[PDB]
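Chains as they are written, first to last, in the entry's author numbering: chain E, 208 to 228, 234 to 276, 282 to 311; chain M, 6 to 12, 20 to 198; chain N, 6 to 15, 18 to 198; chain K, 6 to 198; chain U, 6 to 15, 18 to 198; chain J, 6 to 15, 18 to 198; chain H, 6 to 15, 19 to 198; chain I, 6 to 16, 18 to 198. Let me begin by presenting the structure, written as structure tokens, before commenting on it.
And the structure:
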């Protein structure tokens, strides 16, 4: 995740030539990145955030896949396991 | 006793608590009553809307300890369904009748017994101290009969007669009386 | 007592040997029937129904008797839950232990060859002190229990209530063969 | 007794608690049964621990106790008053003797009782035996009277009453319903739902 | 007592030393035979049959005796389960301990050289109070047990019932050699 | 009693609440002073010195008294180890509990407002049976202890030995304010 | 008692007795009972399995106990292949002295200030009931008495007549006297 | 009692009870009466520590009123046998066999805290003296042999004559740390 931070945001990648191992300088500023995956443990986090509640008298107790993913926020992805620096570089969550 | 482990590994009672089943087994004491309260509080938060199943197999016990359960049952948002297993006597019958109306159950061969309280504490010391404790016991007696009469949709006068001496009831008699709503078979 | 630990192959899971046998749907009632020992049986019966409502539960009984109300919590749980509860007598099934043995699913009540089964009317379900009015009440409750137990026994055994009333008057000891002929068990296991 | 185990949900994993440790995580401290050096020190340890977890959030002190040692109850009492967070007190079942004292010692406006709870206040009994010589008995009688006055004075402060009222009312066991305790000044509110 | 922990090489698994020996199909009956100690033996015998129905089970006995019904739960389990149960006497096998020793698979009943084996008629299987009618019943049940134990002993030892009736009249102490000659054990181990 | 478990944030570590407070350098002396309870205090005082010799140790006292030799093991450990041991009276500090309270680092001896502090001459440090020669020996040892405790108390309180001899003759109960004026504590905490 | 925990480097956490069992040290401490004797047997059997050739070190600090329980240890010691070396710590009295003398000849040790006591057995069980029952139990006790003296005499390379004299009443011996008698082979110092 | 748990920092973390943590530092406690069980734990710890490091000192902290002689002798012989020096420290009290084991520490490494109490005395019953006069004679003789053995070993520890220990152990002889140092039971008194 840390290594990708500077590849997704504009850097100059130094990659081997078309032959066997002078390297090529590639400006990644305008390369569009689409990342994705099945964040299998992500629904539990969203439910923990949206249905916190409390235990005991004075406190008040709160009511209890498609719906949960549709309300995902960076707070969930951070608790899931992505780093804030990478989440902010993926501004559009579909 | 060795409490079996079932599959995270639970002891079988923690496993049943996960299903919202709370057991009151044996005498009602400060310690056994506070565990019921702790479980009732815990379950309300895990889900304020789902029913809690309070399984009772108890000969009775302390009134104040039973009242801590009783007030917790009435306070928490989720309905507390009560089931009589084996027996519900004295405060056990009180807590059985205290379940949510329409959700008070008994098993077919269970035994339900209601009676006026005994000593809530000794009556020693001076006649002035004995007077005080006698008055407190009478207030408790009236409070329990009044709450029982409310639970059973009966007159206070009926509970005063019927709790004078140990009144044993079958599940059918308890249903007719108004202590339980249904008798389970299968 | 030290309860041995056994390893289940699946990875591995370590169990005490009784939790291991519960995994095989074996529930033990050993020693006197008390509120605590009866509620563990009930908890295990409820748990096993949830795990598999269709598979048989094996209820191994080695008990001298105990509380009637505690035994009735087991009895009603056995009859309520969907899966058949097969009962096996090991060593002895006396008093409420014999009642729960006979309460197993008809056709699935077993005894080992040298087991001892004893049926009898109940003793004190609780003391009879206080005033003659209190003693009358407790005597009446004990008689109702006596009749209830004989009636349920007679149902289990396919016998007349009059037969159980005679036979439970005093401690009635039976071999596994006599219990089979009586109607308390269906089969005697050998191998 | 077997204390149930409950599972707390965190990120992608679960912490197993006994149900009382789980409720301590919610800032609920129980005082159940007699007040002893050991049961009082657990309350103190929990109160100290909770202050550090969050000095600003309220602590909920659930009381179901017939009474107990005065010195043990005073260790709780001074800890309640010392620590920064308000200690809300709730009466379950009963709050008698030092249990009623600690109930009344909760933060003013946050002292609660359940509807059918029983609250009893009374002068102290023996804080320790009075044997030995008449000189020793005199000393212990004087110490007991000082404690008696201290408890009535602190009770009167809690209840916004005159010391003379507490001296009358604690002469013999004074049992109160939650409503009577509210009118007296031992609690502020009665919970229903 | 503190039960030592031992490590099994496989990764590693930590056992208490008795669970480690159960892994080798060794079941101990140590001290009095009670419902609880007998049911652990039964649980272990059942467990070991499931692990391997064909391999022998080694049942080490160091017991002064105990309950007959508890001992019979072990006895019937030993005879029921498919694998042979070899029995070994350590220290002593007295009363039901001697019965269970003799109950081992014929040819696989062992004793250590300085062990002590004692056979005798049963004592009280329960008190004999109440009315003369109750005492008659319990006396009859005790006599039936007495005959059953002598009959099963005689079968184990390849002796006449009349021989066991003489020899169990009073406490009959035997060396390992005398027990071998009698027919209670098959071999005496040395090394 | 069930000792609550608390979680320390660091990963996470689960502690019992007393081990959690030991991590904050808080040592409790609760109830009677015995060889076992005194040695735990010593073990904790030693352990904390090694963790950080410069940081203060907080010794919370709620004790009616106890053995003198057990209290002296704490006392000498408090004085020996490099870090200052601050003492706090909760509920009560009586007899050796008051001694250990006064033994805290001067300027760091505290009491809560409603705590009770009691000082008195020692009672039996052990029975005085046997022969008059044995009774003489034990009476002499008790007097030496009495003088030692009054002398150390007088040192702690900046008072004359004659004052402690008067004041410890019979149970001398003090409020936190009286203990401060006497010289047993330095400050009274409120918030 | 709280049994300390120690860490073995290989890490594995042991209680200190399980750690010493890993080094083939078996303790018999206090009275010999069915339960304490069966733990010794379980440990002896376990150690033979781990290594049939290496010596087992059986540390004895015991006032005595049951004869049948002690005989379960004794027969296990003699049966298993590895030599069982015995060491007396503090005391080895009655069956404790018997098991001490039962160690492998040449490997029976005592510490310098240990106390070793040999004596005829006491009640192996009460002698109530009828005179016929008392006769039986008296005969069994005499057979045990003779068996123990005979095995002791074998251990010590002495005549049965010597053990019969010397075990008549409690016979206390220093480590040196036990060595001269034949109960132990060596006395350890460093 | 609840024994606190402490965390050791290493190369990771290991959780110990506080006594196992102190054993890791070669500290062995003898607290309360000397029994077969408490003495065998000391022996097990002494044996374990010798193996961990045969050259480093072992610190044997004693707070004990006394106890069984045979149990104390199992500790005593283990202390003398194992290669590493066993330093002894008196906390609170070292009485009877506790004083014996205190004096049994390595010469030059026997310590006491300033307000500790050290008491030496002849043994009491090592076991009852019932039965027949012949049995009582035997047990009386064994007790006298133990009495002489303890006085002889004490005299050796203290660099005193056997006659001095026989006088001084006749009745309970209580000593301050200073008196024990002058007597020869300890070498130094710790302050800071």
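Every residue, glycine too, gets a C-beta built ideally from N, C-alpha and C.
Not a single CB atom of chain N sits nearer than 8 Å to the CB of residue 63 of chain M. Among the residues facing chain M, residue 56 of chain N is not included, as its CB has no counterpart in that chain under 8 Å away. Contact residues of the region 86 to 99 of chain M toward chain N are 97, 98 and 99 (C-beta to C-beta distance below 7 Å).
By the C-beta criterion, the region 116 to 127 of chain N is judged to be in contact with the region 160 to 176 of chain N, since at least 3 inter-stretch pairs fall below 8 Å.
The three-state reading of DSSP puts residue 20 of chain N in strand, counting E and B together.
Per DSSP, reduced to three states, the secondary structure at residue 116 of chain N is strand.
Here residue 176 of chain J is exposed. Its C-beta has fewer than 16 other C-beta atoms within 10 Å. Taking each of U:134, U:178 and U:103 in turn and checking the Cα distance to residue 139 of chain H, the smallest one comes out for U:178.
In this structure, the straight-line span from the alpha carbon of residue 158 of chain J to that of residue 143 of chain K is close to 27 Å. By alpha-carbon distance to residue 77 of chain J, the top candidate from J:62, J:46 and J:90 is J:46. A distance below 8 Å between beta-carbons, with the five flanking residues on each side excluded, links residue 22 of chain M to the following residues of its chain, in chain order: 30.
Here residue 309 of chain E carries a coil assignment [DSSP, helix/strand/coil].
Within the same chain, and ignoring the five residues on either side of residue 146 of chain M in sequence, no residue has its Cβ closer than 6 Å to its Cβ. Taking 9 Å as the upper bound on Cβ-Cβ separation, chain H lies near residues 177, 178, 179, 180 and 182 of the region 162 to 193 of chain U. By the Cβ criterion, the region 66 to 76 of chain K is in contact with the region 34 to 43 of chain K, since at least three pairs of Cβ atoms, one from each stretch, lie closer than 8 Å. In the structure shown, residue 239 of chain E adopts extended strand secondary structure according to DSSP, grouped into three states. Here DSSP, grouped into helix, strand and coil, assigns residue 220 of chain E to strand.
Against chain H, the beta carbon of residue 22 of chain I has neighbours under 7 Å at 10, listed in chain order.
Between residue 64 of chain K and residue 37 of chain K, the CB-CB gap reaches or exceeds 8 Å. Here residue 125 of chain J is near residue 101 of chain J, since their CB atoms are less than 8 Å apart. A straight-line Cα-Cα distance of about 7 Å links residue 184 of chain J and residue 195 of chain J. When C-alpha distances from residue 215 of chain E are compared across E:223, E:222, E:228 and E:244, the shortest belongs to E:244.
Contact of residue 29 of chain M with chain N by beta-carbon distance below 8 Å is absent, the smallest such distance being about 11 Å. Flagged as an interface residue toward chain J: residue 25 of chain K, by a C-beta distance shorter than 8 Å.
Linking residue 17 of chain K to residue 253 of chain E through their CA atoms gives a straight-line distance of about 6 Å. Among the bridge pairs identified by DSSP, residue 94 of chain N is matched with N:66 and N:116. Secondary structure note for residue 76 of chain U: its alpha helix (DSSP H) is the uninterrupted segment 75 to 87. Per the C-alpha coordinates, the member of J:106, J:9, J:121 and J:103 positioned closest to residue 86 of chain K is J:121. Under the three-state reduction of DSSP, residue 175 of chain K is assigned to coil, being neither helix nor strand.
At a cut-off of 8 Å between beta carbons, residue 257 of chain E contacts chain K. Counting only residues of its own chain and dropping the five nearest sequence neighbours on each side, residue 35 of chain J has a CB closer than 7 Å to the CB of 25 and 67. Counted as a single uninterrupted DSSP element, the beta strand (DSSP E) harbouring residue 126 of chain H occupies residues 123 to 126.
With a contact defined as Cβ atoms closer than 8 Å, residue 106 of chain K and residue 150 of chain K miss out at about 17 Å.
Rounded to whole angstroms, residue 82 of chain K and residue 89 of chain K show a C-alpha spacing of 13 Å. In its chain, beyond the 5 residues on either side, no residue has a beta carbon closer than 7 Å to the beta carbon of residue 154 of chain M. For residue 131 of chain K, the secondary structure class from DSSP, reduced to helix, strand or coil, is coil.
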